[PDB]
Amino acid sequence: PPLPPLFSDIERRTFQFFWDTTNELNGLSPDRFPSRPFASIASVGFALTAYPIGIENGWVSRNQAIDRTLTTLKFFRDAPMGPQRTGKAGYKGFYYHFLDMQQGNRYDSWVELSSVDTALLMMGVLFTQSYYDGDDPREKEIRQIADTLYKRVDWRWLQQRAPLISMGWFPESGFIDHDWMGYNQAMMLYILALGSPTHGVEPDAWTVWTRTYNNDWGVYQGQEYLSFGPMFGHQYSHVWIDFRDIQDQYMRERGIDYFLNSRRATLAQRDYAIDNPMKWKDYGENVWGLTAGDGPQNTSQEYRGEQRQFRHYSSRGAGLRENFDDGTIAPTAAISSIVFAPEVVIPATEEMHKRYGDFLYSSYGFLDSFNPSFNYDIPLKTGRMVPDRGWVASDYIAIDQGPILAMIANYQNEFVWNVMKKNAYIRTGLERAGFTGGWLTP
Ligand SMILES: OC[C@H]1O[C@@H](O[C@H]2[C@H](O[C@H]3[C@H](O[C@H]4[C@H](O[C@H]5[C@H](O[C@H]6[C@H](O[C@@H]7[C@@H](O)[C@H](O)[C@@H](CO)O[C@H]7O)O[C@H](CO)[C@@H](O)[C@@H]6O)O[C@H](CO)[C@@H](O)[C@@H]5O)O[C@H](CO)[C@@H](O)[C@@H]4O)O[C@H](CO)[C@@H](O)[C@@H]3O)O[C@H](CO)[C@@H](O)[C@@H]2O)[C@H](O)[C@@H](O)[C@@H]1O
């Protein structure tokens with residue numbers, strides 16, 4: 001199905017987000033903007049993937065993108081590293097999730113050294129490694145620094161419980177007691193750990209990652225799949241990795257793949273909004289999509305003569321696990337699933353843009369979220385009230401923006417996937433996890 005012109009505008013504004021809102025002195029992209037409290041290393045991951053999308057669509061010159069990319073990779077290479085409570089950006093090749101926008105160190109002491117967030121960064125880093133393949137000495141320098149940053153990550157260090165990778169680490173309390181367990185958006189964590197030639201993990205790590213899959217497998221809204229409620233779980237890893245046809249052991253046994261798993265998640269989200277058992281306002285066949293993102297406030301209000309819990313930033317979803325629902329829809333959820341179900345995502349995007357766009361579609365594309373049900377006369381943590389038209393976010397969230405841009409690019413010409421199909425570490429990672437068939441086939 002071809003894309004209407006609206007999608008080329010969405011692609012562009014969302015690229016422009018990462019180009020503009022990033023600090024150019026160090027290449028740190030904000031967690032959110034315009035609030036701009038601090039940077040996220042996961043923002044940076046999506047930024048590095050964004051810049052070459054801009055080159056190919058002519059929104060930025062190759063030379064600007066190189067200069068920006070080099071600034072970014074050199075910032076991380078040269079950042080102070082160490083176990084100390086202040087003054088460091090990272091440790092053991094990992095980095096703090098959140099760094100100060102100007103000085104680049106751990107924002108504050110509540111900030112963890114993050115495995116999944118380092119992971120997301122590294123996806124962008126390896127993207128730069130496989131994209132900037134020219135004989136420019138700058139592109140060569142990009143390849144080498146990227147290579148160095150990936151090799152320094154000590155995945156093994158974070159294996160506290162057996163082959164399973166911990167979520168992170170604090171100077172003040174030691175390892176985080178939670179582990180990355182399936183199913184969710186962390187497939188690419190274990191891929192990166194499996195593909196490492198310096199500090200790599202064993203195939204075992206994947207096996208046990210999959211042990212908890214069977215808590216999530218079942219039937220929701222007419223579909224049989226791994227039913228993690230938050231849409232993004234089905235998107236982040238799929239940004240860089242093409243999951244069509246290739247099958248690991250679990251999917252070989254189920255007889256599907258992770259691409260079909262995302263597609264099933266997306267139709268189910270849609271059918272959830274059609275049934276709309278919670279009877280949230282405007283939920284319907286072309287107004288849907290629940291995932292982690294902003295909302296109006298931590299509160300309880302009466303809605304249709306019942307008491308309903310409402311959150312600001314929170315996991316939101318539609319599925320058998322982690323399925324909180326406020327009435328707030330995040331555009332990234334439907335849009336970033338363009339590649340999985342374009343026959344429903346296209347009219348969804350058009351419908352939300354038409355109905356809501358005079359307040360929802362702003363300078364850098366879709367704002368993070370909106371809630372047509374929320375018209376209470378109360379203080380907000382963020383966003384704003386539009387009279388008799390509900391609530392809308394005031395911030396964009398980079399990790400919500402990143403997949404909007406990258407998944408539209410993958411729809412148009414499979415650009416992001418094709419670049420990563422050239423990275424030796426991603427391939428190795430997948431092969432060592434047990435993946436076979438499709439493009440992995442020799
Ligand atoms: O309380 C932490 C600080 O949160 C700040 O709020 C920011 C907000 O952070 C979210 C966080 O979003 C990140 C998320 O991935 C993180 C990961 O969450 C995973 C989840 O893990 C749970 C743990 O977080 C939790 O401690 C334990 C408690 O028992 O339960 C775990 O299940 O598990 C699901 C699977 O079921 C995963 O899908 C989910 O990703 O938690 C890790 C451990 O800390 C983090 O390292 C990891 O970053 O998603 C992306 C990565 O895909 C990441 O960029 C997000 O930032 O999610 C948790 C759990 O949902 C929230 O509690 C937390 O509020 O992130 C947004 C966007 O970046 C940012 O705008 C917010 O500012 C507060 O500001 C801080 O004050 C607070 O200390």
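Starting from 1, each residue takes its place in the sequence as its number. One-based numbering, in listed order, for ligands and for the atoms of each.
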Under a 3.5 Å threshold, I'd like every N/O contact between ligand 1 and protein atoms, with atom names and distance.
unit_1, atom_1, unit_2, atom_2, d
ligand 1, 29 (O), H178, NE2, 3.2
ligand 1, 36 (O), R321, NH1, 3.4
ligand 1, 36 (O), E322, OE1, 2.6
ligand 1, 38 (O), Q185, OE1, 2.8
ligand 1, 40 (O), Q185, NE2, 2.7
ligand 1, 46 (O), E112, OE2, 2.5
ligand 1, 46 (O), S114, OG, 3.2
ligand 1, 48 (O), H97, ND1, 3.4
ligand 1, 48 (O), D117, OD2, 2.4
ligand 1, 52 (O), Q185, NE2, 2.8
ligand 1, 54 (O), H97, NE2, 3.4
ligand 1, 54 (O), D117, OD1, 2.8
ligand 1, 56 (O), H97, NE2, 3.1
ligand 1, 68 (O), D31, OD1, 2.6
ligand 1, 70 (O), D31, OD2, 2.7
ligand 1, 70 (O), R32, NE, 3.4
ligand 1, 70 (O), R32, NH2, 3.1

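- Pairs passing the salt bridge (charged side-chain N to carboxylate O under 4.0 Å, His left out) check and including a residue from residues 244-255, sequence neighbours excluded, read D242-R244, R244-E414.
- Between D368 and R32 no salt bridge is recorded (no basic side-chain N to carboxylate O distance below 4.0 Å).
- Taking the side-chain hydrogen bond (donor to acceptor under 3.5 Å, both in side chains) definition, one finds that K151 meets it with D147, sequence neighbours left out.
- Checking each of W59, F46, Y51 against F15 for a ring-ring contact (aromatic ring centres under 6.0 Å, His included) leaves exactly one that passes, namely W59.
- The side-chain hydrogen bond (donor to acceptor under 3.5 Å, both in side chains) search around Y313 returns none, not counting sequence neighbours.
- Under 4.0 Å is where a charged nitrogen must lie from a carboxylate oxygen, and between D358 and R389 at least one such pair does.
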